[PDB]
Number of protein chains: 2
Amino acid sequence: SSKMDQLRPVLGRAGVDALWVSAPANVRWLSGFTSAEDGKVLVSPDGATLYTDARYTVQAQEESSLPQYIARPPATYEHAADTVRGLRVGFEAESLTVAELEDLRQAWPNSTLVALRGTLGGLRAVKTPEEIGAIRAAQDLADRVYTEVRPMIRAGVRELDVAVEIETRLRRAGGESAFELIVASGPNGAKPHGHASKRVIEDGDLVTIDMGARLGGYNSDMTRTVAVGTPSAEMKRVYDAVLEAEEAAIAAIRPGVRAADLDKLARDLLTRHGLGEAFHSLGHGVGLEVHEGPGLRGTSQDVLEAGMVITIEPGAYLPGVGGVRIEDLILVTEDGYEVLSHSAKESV
Amino acid sequence: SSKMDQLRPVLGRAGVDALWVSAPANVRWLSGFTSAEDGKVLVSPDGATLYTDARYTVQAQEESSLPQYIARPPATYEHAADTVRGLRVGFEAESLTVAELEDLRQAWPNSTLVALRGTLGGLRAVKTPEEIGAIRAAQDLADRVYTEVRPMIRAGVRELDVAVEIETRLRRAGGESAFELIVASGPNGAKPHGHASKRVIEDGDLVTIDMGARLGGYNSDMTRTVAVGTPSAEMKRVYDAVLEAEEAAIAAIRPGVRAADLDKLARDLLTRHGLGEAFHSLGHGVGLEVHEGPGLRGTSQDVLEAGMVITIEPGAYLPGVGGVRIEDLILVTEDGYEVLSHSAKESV
Ligand SMILES: [Zn+2]
Ligand SMILES: [Zn+2]
Ligand SMILES: [Zn+2]
Ligand SMILES: [Zn+2]
């Protein structure tokens with residue numbers, strides 16, 4: 001199935017005739033345009049057009065699989081107006097600002113603007129072989145940088161300096177850090193989104209490193225926890241249980257498995273090991289964004305299929321004491337899975 | 001004048017009784033909360049309240065000058081509903097997503113939601129002595145890092161590696177790069193927003209370095225152009241004219257000067273030196289955001305006053321050949337100006 005043929009049935013079930021595409025990830029997904037913050041796409045009964053300005057004329061001609069209309073707003077959607085006369089036009093209500101919607105409403109007085117909220121969640125969940133290649137390249141960069149920086153994670157080093165070393169190397173390679181880096185040591189490990197602080201790593205700490213590369217527009221995401229010196233018996237028990245949970249959830253990945261059931265497997269296991277209040281979401285899709293569909297929460301209705309790329313990231317957090325998360329990036333295959341993130345997972 | 005007493009007359013002239021504050025910069029400006037992406041503020045006839053969730057209970061108690069209501073959405077604006085019954089409630093239409101507006105409309109069925117578009121532009125233009133202190137600290141960091149990295153800007157070095165060296169040092173100091181770094185060498189100097197590429201700097205190039213630090217939530221912004229070796233006679237003429245324009249526009253800064261008239265001074269001067277098609281905006285306010293009010297375009301109606309912090313950044317760009325921009329960060333004083341960015345401006 002082409003990407004447009006994935007989208008149009010969704011729009012039909014949403015009760016709209018057209019879609020104004022404003023989320024940069026979906027502009028790029030549909031058209032191939034890589035400066036998508038400055039493009040928009042109109043999907044309509046007449047076909048699909050990329051709108052961008054004359055700074056991008058050559059780039060858009062080289063990249064876009066869609067015909068182009070070159071202008072700045074508001075000429076872009078005034079030119080579009082004829083195409084959407086009398087139509088129900090969906091828009092991405094979680095992306096579009098009210099001011100932008102007002103502009104469209106003024107431009108399209110004979111259309112009905114229809115808010116789509118979660119409607120396109122998971123639109124991009126199944127990746128093509130080309131997209132998987134770009135995700136592999138990003139994760140391979142992240143693994144290389146993690147391997148290079150790992151020896152530097154020792155007593156006396158600040159969390160922040162570890163983060164600087166990772167960022168430095170990702171940038172020099174032509175990528176960048178995919179999200180604000182987490183290097184969470186000692187009691188900072190109890191913070192699931194504890195961005196690298198000035199705390200000095202000390203003997204006896206666990207250190208949680210959550211990192212990804214964005215490279216060529218595609219993202220990776222992994223987490224490792226390592227010991228500096230000898231951790232407490234309690235923190236070793238926590239680490240072992242989190243690793244056990246991660247390995248069990250990964251081992252259930254296959255087409256047709258329910259995301260919510262993966263979450264249940266991990267929470268039952270953590271509960272069995274005394275951490276039934278310590279762990280939230282088990283993971284998320286990764287692609288043009290770090291966090292995208294599917295979602296691995298207990299309430300999720302998502303169902304995995306081959307070609308999706310997700311994370312599995314159980315964690316347990318003891319406030320004031322410590323915490324552990326271990327996370328891998330997984331490709332769903334036709335009869336199981338492939339782990340894309342290859343950095344070592346150590347004993348503690 | 002307190003910040004709230006700057007805001008309320010604006011709201012009165014906008015025809016609203018209250019304001020739902022969603023832009024992180026304005027949440028922080030009004031309340032002092034530093035994790036403002038996860039706070040919101042309701043300004044109303046009853047006073048003003050910061051809304052944030054229980055992850056931030058202690059932080060918000062320590063930081064906020066405003067009473068707090070602790071909950072997640074949608075409890076936050078359902079709790080707010082009683083306060084806005086029968087009122088015209090403004091919201092920030094350039095910040096708020098349509099989905100967020102729909103949520104407010106459902107929560108506040110007996111209020112009238114009123115879109116404010118450019119209404120709050122320049123709300124934060126006049127800085128307090130405390131805010132000026134934070135901007136000085138950010139620019140002082142940027143100047144230190146620029147001085148450290150300057151010798152590394154030589155033939156054989158990639159644009160990207162210069163950017164990495166700046167970023168590395170800003171991060172290790174506890175700040176970060178304020179915006180995607182521009183290191184634009186040779187023909188890349190014709191690109192006003194040419195992010196640092198893999199191009200190798202060579203003898204005979206000019207190199208334009210546009211950088212800022214974000215530190216403690218406040219931003220800086222400057223640009224220097226330097227010669228590596230001997231530039232062409234033409235590129236030297238361009239450099240000298242841009243410096244002349246920057247120094248003339250800066251010298252006109254004072255309370256009461258019109259932003260548009262500063263722009264005219266710079267464009268007339270560039271025109272007199274043969275660059276009347278080569279140069280756009282002359283500059284912008286800087287504070288909690290890199291680009292904020294006032295605006296120094298030919299159409300601007302802004303009028304400078306003491307305590308504003310702006311940039312002056314004339315440039316001339318020759319596609320396929322080269323380009324020059326020179327930019328300084330300026331405090332408006334009671335009878336003139338003070339240049340906050342102190343890095344050397346060199347001859348070429
Ligand atoms: Zn993740
Ligand atoms: Zn992660
Ligand atoms: Zn600037
Ligand atoms: Zn600048």
Side-chain angles (χ1 to χ4, degrees), chain A residues 125-127 129 131-153 162-163 165-167 169-170 173 175-184 192-193 196 206-227 239 242-254 257 259 262-263 265-266 281-296 304 306-315 324-333 336-348:
Chain A
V126 178
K127 272 65 180 176
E131 297 175 305
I132 284 155
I135 292 167
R136 291 184 195 269
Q139 180 57 53
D140 285 355
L141 175 59
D143 280 323
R144 187 157 60 250
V145 172
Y146 181 82
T147 300
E148 289 164 353
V149 174
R150 171 61 182 97
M152 316 186 171
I153 303 174
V162 180
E165 295 292 346
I166 294 167
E167 282 168 3
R169 288 165 170 80
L170 295 177
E176 57 222 17
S177 180
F179 52 83
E180 194 60 52
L181 279 171
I182 295 158
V183 180
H193 296 94
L206 300 185
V207 184
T208 297
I209 306 88
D210 193 340
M211 58 176 281
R214 179 195 216 237
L215 180 68
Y218 280 81
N219 291 283
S220 73
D221 186 9
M222 76 181 170
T223 304
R224 297 289 182 267
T225 294
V226 300
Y239 178 91
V242 171
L243 178 66
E244 181 182 351
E246 196 227 19
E247 297 194 318
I250 287 170
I253 294 175
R254 58 164 179 92
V257 78
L262 298 179
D263 182 75
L265 193 59
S281 172
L282 183 58
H284 55 86
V286 178
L288 292 164
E289 297 176 301
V290 171
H291 305 90
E292 48 181 66
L296 278 69
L304 299 191
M308 296 178 106
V309 176
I310 59 164
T311 63
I312 298 291
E313 51 173 303
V324 174
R325 175 170 66 268
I326 302 174
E327 172 183 31
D328 280 283
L329 187 71
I330 318 294
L331 170 66
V332 185
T333 68
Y337 56 95
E338 185 190 350
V339 181
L340 304 182
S341 44
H342 304 118
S343 284
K345 277 180 267 174
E346 303 165 19
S347 52
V348 302

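All heavy atoms count here, side chains included; hydrogens, waters and symmetry mates do not. Each chain gets a letter, A, B and so on, in the order the sequences are listed, and its residues count up from 1.
Listed for the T311(A) side chain is no donor-acceptor partner under 3.5 Å among the backbone atoms of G283(A). Under the 3.5 Å distance criterion, the side-chain polar atoms of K127(A) are matched with a main-chain donor or acceptor of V286(A). Remark: side-chain polar atoms of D143(A) are paired, donor with acceptor, to backbone N or O of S343(A) under 3.5 angstrom. Of the possible polar contacts, none joining the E131(A) side chain to the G287(A) backbone as a donor-acceptor pair under 3.5 Å is found. Between the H342(A) side chain and the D140(A) main chain, no donor and acceptor come within less than 3.5 Å of each other.
Distance check, rounded to the nearest 0.5 Å: NE2 of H284(A) to CD1 of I312(A) gives 9.5 Å. Residue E327(A) holds its CD atom at 8.0 Å from CD of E246(A), rounded to the nearest 0.5 Å. In this structure, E176(A) CD and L141(A) CG are separated by 10.5 Å, a value rounded to the nearest 0.5 Å. The OG atom of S220(A) sits 9.5 Å away from the CD1 atom of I135(A) when rounded to the nearest 0.5 Å. In this structure, CG on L329(A) lies 10.0 Å from CD on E338(A), to the nearest 0.5 angstrom. The CG atom of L340(A) sits 7.0 Å away from atom CD1 of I330(A), with the distance rounded to the nearest 0.5 Å.
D328(A) has its side chain within reach of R224(A): a pair of non-hydrogen atoms, C-beta onward, lies under 4.5 Å apart. Counting heavy atoms from C-beta outward, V348(A) and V324(A) have side chains that stay 4.5 Å or more apart.
Nearest approach of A249(A) to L282(A), heavy atoms of both residues: CB-CD2, 3.8 Å. Among all heavy-atom pairs drawn from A178(A) and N219(A), the shortest one is CB-OD1, 3.4 Å. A252(A) and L262(A) make their closest contact through CB-CD2, 3.4 Å (heavy atoms, listed as atom of the first residue, atom of the second, distance). Closest approach of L304(A) to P294(A), counting heavy atoms only: CD2-CG, 3.8 Å. Closest heavy-atom contact between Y239(A) and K345(A): OH-C, 4.3 Å. Nearest heavy-atom pair across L331(A) and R136(A) is CD2-NH2, 3.8 Å.
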Anything under 3.5 Å between a donor and an acceptor, one on a side chain of residues 206-217 of chain A, the other on a protein residue two or more places apart or in another chain? List them.
| residue | atom | partner | partner atom | Å |
| --- | --- | --- | --- | --- |
| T208(A) | OG1 | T225(A) | OG1 | 2.9 |
| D210(A) | OD1 | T223(A) | OG1 | 3.0 |
| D210(A) | OD2 | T223(A) | OG1 | 3.1 |
| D210(A) | OD2 | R325(A) | NE | 3.0 |
| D210(A) | OD2 | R325(A) | NH2 | 2.8 |

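The pair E165(A)-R169(A) meets the salt-bridge criterion, since a charged nitrogen lies less than 4.0 angstrom from a carboxylate oxygen.
The salt bridge (charged side-chain N to carboxylate O under 4.0 Å, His left out) check on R150(A) picks up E346(A), with sequence neighbours excluded.
Screening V257(A), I250(A), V332(A), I310(A) for a side-chain contact (heavy atoms from CB on, under 4.5 Å) involving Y337(A) leaves a single residue, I250(A).
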